[PDB]
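Every number in this text was worked out from the coordinates using simple rules, so none of it is lab data. Every residue, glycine as well, gets a Cβ built from its backbone with ideal geometry; the counts of neighbours run over all protein chains shown.
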Amino acid sequence: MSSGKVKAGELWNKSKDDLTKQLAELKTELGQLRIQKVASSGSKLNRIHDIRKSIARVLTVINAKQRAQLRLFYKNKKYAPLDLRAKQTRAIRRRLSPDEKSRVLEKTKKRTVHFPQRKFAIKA
Amino acid sequence: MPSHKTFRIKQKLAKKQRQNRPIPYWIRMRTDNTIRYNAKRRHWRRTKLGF
Amino acid sequence: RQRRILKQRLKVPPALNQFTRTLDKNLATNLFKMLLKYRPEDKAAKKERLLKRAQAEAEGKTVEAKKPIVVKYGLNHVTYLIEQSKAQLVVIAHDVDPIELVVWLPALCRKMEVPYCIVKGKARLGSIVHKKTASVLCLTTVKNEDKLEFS
Amino acid sequence: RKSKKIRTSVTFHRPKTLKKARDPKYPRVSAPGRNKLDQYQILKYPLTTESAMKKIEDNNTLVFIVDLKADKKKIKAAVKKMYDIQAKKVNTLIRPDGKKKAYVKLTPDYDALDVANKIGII
Amino acid sequence: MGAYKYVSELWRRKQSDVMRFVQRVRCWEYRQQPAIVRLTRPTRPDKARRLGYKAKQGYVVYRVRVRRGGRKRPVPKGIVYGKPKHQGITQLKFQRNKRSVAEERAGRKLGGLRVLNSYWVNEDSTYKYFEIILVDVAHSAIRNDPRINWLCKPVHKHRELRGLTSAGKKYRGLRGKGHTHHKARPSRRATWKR
RNA sequence: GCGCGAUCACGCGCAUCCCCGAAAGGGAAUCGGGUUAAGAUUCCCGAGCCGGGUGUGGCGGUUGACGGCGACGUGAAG
RNA sequence: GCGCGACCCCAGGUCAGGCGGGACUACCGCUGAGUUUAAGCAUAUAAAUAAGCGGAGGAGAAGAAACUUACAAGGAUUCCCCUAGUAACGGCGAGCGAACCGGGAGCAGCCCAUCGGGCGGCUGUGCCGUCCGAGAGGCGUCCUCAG
């Protein structure tokens with residue numbers, strides 16, 4: 001539109017192509033709120049706050065899209081030093097994820113070791 | 001010569017210099033509490049600059 | 001200026017510091033006992049060929065018709081098939097460091113009357129036992145219709 | 001082709017003189033990560049002081065305040081894109097602001113006065 | 001059992017038969033080679049096979065070279081300064097053993113790996129020689145082996161240093177159990193001197 | 001090995017390394033005039049030059065330069 | 001008296017995959033003082049402290065007997081309580097200073113001495129297709145039987 005914007009949901013329902021034109025327009029207008037700082041108007045107050053957010057919303061939203069897209073392309077394939085950040089995050093959490101516990105109790109001398117019971121009765 | 005030049009001390013000295021300004025009339029008003037005598041505000045004659 | 005240029009390891013070392021003394025070790029010493037002598041390898045090559053045709057006469061159907069051959073490579077298996085007294089001829093490599101790995105067998109085999117051959121190099125013994133690695137020792141436990149050439 | 005039979009006589013035939021071969025490299029397959037678009041806005045605002053304006057009139061040169069990881073080549077590019085003008089020299093200062101003050105001298109083909117008017121500055 | 005008994009029998013007898021010849025000859029090597037030596041073979045497979053040796057990835061064996069003698073204590077020629085029950089320079093000998101120092105050196109240089117155990121590979125007349133087993137934690141083959149995945153656990157990092165090696169238990173007096181053992185178990189700092 | 005040619009892509013040669021360490025040791029190139037409240041050999045106005053890096057033509061020359069006894073003056077890898 | 005391709009030891013590079021180097025307050029592991037006390041002081045004491053150093057975890061560390069023992073039984077290991085200011089040490093001065101056991105806190109016994117890597121496939125702590133490198137013994141009625 002010709003009036004300022006935005007909602008979070010509106011950006012999300014725009015294409016990659018649309019949002020960057022929107023990011024374009026926003027820097028340009030922001031650039032105006034810089035010369036309009038010499039003017040010092042209260043309209044350049046409210047607006048210079050709220051445009052700042054709109055830039056941040058477009059920048060985040062596109063990043064999410066790209067991460068999601070990458071994850072979908074690669075869930076077919078093999079991948080990731082980046083999503084590997086996220087799964088660990090990090091060195092302590094890398095130590096906690098071998099995994100250790102299931103594997104440690106796995107193998108050698110193990111079937112009859114405990115009290116038996118109920119199970120045998122059910123299958124009668 | 002320059003007038004000792006290096007950017008890396010020179011900027012940070014200029015930051016402390018911008019940081020040593022008056023409190024802005026407003027923060028006295030909304031305000032919570034204080035005789036707001038700012039206070040980390042430093043002077044050409046007295047005490048001595050630090051890094 | 002010109003003439004010669006010739007011959008690194010005779011006059012311009014250092015160039016290698018680990019191995020020169022390693023040669024000197026083989027050649028020199030002092031010293032008390034123990035490992036030497038035979039192979040003009042004519043009588044290596046026949047042993048090696050009748051070691052290759054001691055993995056490679058293997059058929060052996062489902063049926064106990066005859067499973068032919070066993071050859072086993074590696075020090076422990078060679079010790080145990082001498083001790084379990086059905087090795088028909090063992091082979092030793094000369095090229096063994098630690099020597100300690102192979103010292104036991106010539107004394108042990110002569111207490112079992114199991115014959116032993118001493119092939120010059122460890123790698124050829126591993127290739128002719130059909131390994132993909134060198135072998136310090138090997139055995140035949142049971143040959144394969146060759147009895148006369150084996151004797 | 002070159003036979004190490006040649007190579008053996010080459011080690012024998014050189015007292016000192018130094019070694020030699022050269023060799024390639026290659027990437028794997030696990031795909032290095034990171035797709036980016038890290039961008040700073042060099043230009044922040046046209047600077048405004050009385051001293052700038054005289055510089056507009058006297059000697060055809062606009063005055064911007066710029067970022068602290070500026071240069072002169074990126075600003076000579078940045079100004080070119082966003083204001084449609086060729087710039088001939090750029091002069092660069094750290095300021096007691098913490099900020100970088102840049103004087104941008106322009107071509108006479110498009111004068112600082114009517115470059116300025118649509119984002120007026122004094 | 002097997003072949004591993006013979007070399008074990010040899011190594012008793014450092015001074016005698018084939019072992020004094022062959023290992024004095026490997027010291028021509030051992031003096032030449034550094035205070036880090038990684039090797040791909042254990043010298044003793046017997047005492048590798050009885051301190052934890054499986055050939056399997058992540059396993060390395062390494063030789064460490066440690067000086068003979070005690071410890072000499074700073075500062076000489078600006079000397080203490082204190083009353084003579086506490087003056088001592090060469091007189092004191094460390095109450096860590098020379099085997100544990102070798103464990104420390106090794107684990108410092110191979111920092112991504114953890115010492116399992118160690119053994120003796122001789123002495124001449126100023127060096128004492130050890131060969132030490134360090135085992136990768138971080139690779140799958142150690143993890144998917146339940147005989148050696150106990151090392152992996154985060155509590156076990158830098159274990160040589162905290163004295164949890166076999167050598168570290170032995171110099172800590174933890175060889176006994178009962179009578180006597182009373183000042184060693186569970187720790188030499190244990191009661192806080194209450 | 002490093003270093004260099006080398007265009008087609010590839011091979012060849014050698015010895016003691018590599019950064020910091022003087023804004024007053026060593027060092028590629030700028031002056032005169034003007035102007036600002038406050039800069040200025042720094043911007044301008046005039047004029048010059050350097051460094052670094054691709055094209056162009058005048059021609060000075062061409063089986064790699066004449067002249068002046070002489071001194072001396074007016075290609076190119078290993 | 002000899003060159004070559006190949007096996008096998010060492011070394012340098014290389015990109016890959018994987019880990020580690022610093023931090024959080026104390027807790028938690030070596031080296032190692034002095035004031036002080038013994039009305040002095042040198043063994044002794046302060047004190048294996050403090051400190052320095054290194055390194056770990058959410059707890060560490062210690063663990064299933066070449067144990068205790070003073071009998072005749074117990075039965076991994078910490079810790080709490082006390083055994084005890086006993087035994088033992090020591091100008092046998094001043095001081096130092098426990099263990100077995102006994103009952104609890106809580107309990108558990110086991111374990112040594114086909115693996116991984118590469119692509120492809122998936123419902124990716126997994127398995128399949130493939131390529132590559134590297135407490136034991138005999139006999140017996142049976143009871144028990146993974147997930």
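Does region E:138-147 contain any residue that is more than 6 Å from RNA strand G (Cβ to nearest atom), in contact (Cβ under 8 Å) with a residue 24 or more places away in the chain and away from chain A (no Cβ under 14 Å)? Steps first, please.
Let us first name the residues in region E:138-147 that are more than 6 Å from RNA strand G (Cβ to nearest atom), namely E:142-143, E:145-146.
Within this subset, residues satisfying the condition of being in contact (Cβ under 8 Å) with a residue 24 or more places away in the chain are E:142, E:145.
Restricting the remaining residues to those that are away from chain A (no Cβ under 14 Å) gives none.
Taking every residue of region E:138-147 in turn, none turns out to be more than 6 Å from RNA strand G (Cβ to nearest atom), in contact (Cβ under 8 Å) with a residue 24 or more places away in the chain and away from chain A (no Cβ under 14 Å).
The helices (runs of 4 or more DSSP H) located wholly in region C:1-75 that include 1 or more residues which are more than 25 Å from residue E:27 (Cα to Cα), within 14 Å of chain D (Cβ to nearest Cβ) and polar (S, T, N, Q) occupy C:8-11. Filtered by the rule that a residue be surrounded by 13 or more Cβ atoms within 10 Å (Cβ to Cβ) and more than 11 Å from chain D (Cβ to nearest Cβ), region A:53-94 gives A:54, A:57, A:58, A:61, A:65, A:71, A:88, A:94.
Within region B:20-49, residues that are under 22 Å from residue D:98 (Cβ atoms) reach partners that are surrounded by 10 or more Cβ atoms within 10 Å (Cβ to Cβ) and of a type in the set (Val, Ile, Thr) with beta carbons closer than 6 Å, at six or more positions or on different chains, in the pairs B:38/B:23. Residues in region C:102-132 that are surrounded by fewer than 19 Cβ atoms within 10 Å (Cβ to Cβ) and either within 16 Å of RNA strand F (Cβ to nearest atom) or within 14 Å of chain E (Cβ to nearest Cβ) (or both): C:106, C:107, C:108, C:111.
Those residues that are among the aliphatic types (A, V, I, L, M) and loosely packed, with under 12 Cβ neighbours inside 10 Å, I need them from region E:135-194; list them, please.
E:155, E:190
When the residues of region E:82-113 are filtered to those that are over 21 Å from residue E:165 (Cβ atoms) and among the β-branched types (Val, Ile, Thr), the one that is surrounded by the most Cβ atoms within 10 Å (Cβ to Cβ) is E:89. Within region A:108-119, not a single residue is within 13 Å of another protein chain (Cβ to nearest Cβ), closer than 29 Å to residue E:137 by Cα and surrounded by 10 or more Cβ atoms within 10 Å (Cβ to Cβ).
For (1) out of contact with any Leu (no Cβ under 8 Å at 6 or more places or on another chain); (2) part of a strand (DSSP E or B); (3) not small (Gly, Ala, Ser), each residue gets a yes or a no:
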{"position": "E:89", "(1), (2), (3)": "yes, no, yes"}
{"position": "E:95", "(1), (2), (3)": "yes, no, yes"}
{"position": "E:108", "(1), (2), (3)": "yes, no, yes"}
{"position": "E:119", "(1), (2), (3)": "no, yes, yes"}
{"position": "E:133", "(1), (2), (3)": "no, yes, yes"}
{"position": "E:142", "(1), (2), (3)": "no, no, yes"}
{"position": "E:189", "(1), (2), (3)": "yes, no, yes"}
{"position": "E:194", "(1), (2), (3)": "yes, no, yes"}
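Looking only at region A:18-33, decide whether some residue is over 30 Å from residue D:48 (Cβ atoms) and surrounded by 13 or more Cβ atoms within 10 Å (Cβ to Cβ). Yes, because at least one residue in region A:18-33 is over 30 Å from residue D:48 (Cβ atoms) and surrounded by 13 or more Cβ atoms within 10 Å (Cβ to Cβ).
Here's the yes/no breakdown for (1) of a type in the set (A, V, I, L, M, F, W, C); (2) farther than 28 Å from residue D:42 by Cβ; (3) free of Cβ contacts under 8 Å to residues at least 40 places away in the same chain:
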| site | (1), (2), (3) |
| --- | --- |
| A:2 | no, yes, yes |
| A:16 | no, no, no |
| A:19 | yes, no, no |
| A:40 | no, no, yes |
| A:59 | yes, no, yes |
| A:75 | no, yes, yes |
| A:87 | no, yes, yes |
| A:102 | no, yes, yes |
| A:114 | no, yes, yes |
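Can you pull out every residue in region D:20-44 that is within 16 Å of RNA strand F (Cβ to nearest atom) and of a type outside the set (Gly, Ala, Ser)? If the condition is that a residue be within 16 Å of RNA strand F (Cβ to nearest atom) and of a type outside the set (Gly, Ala, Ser), then D:20, D:22, D:23, D:24, D:25, D:26 are the ones that fit.
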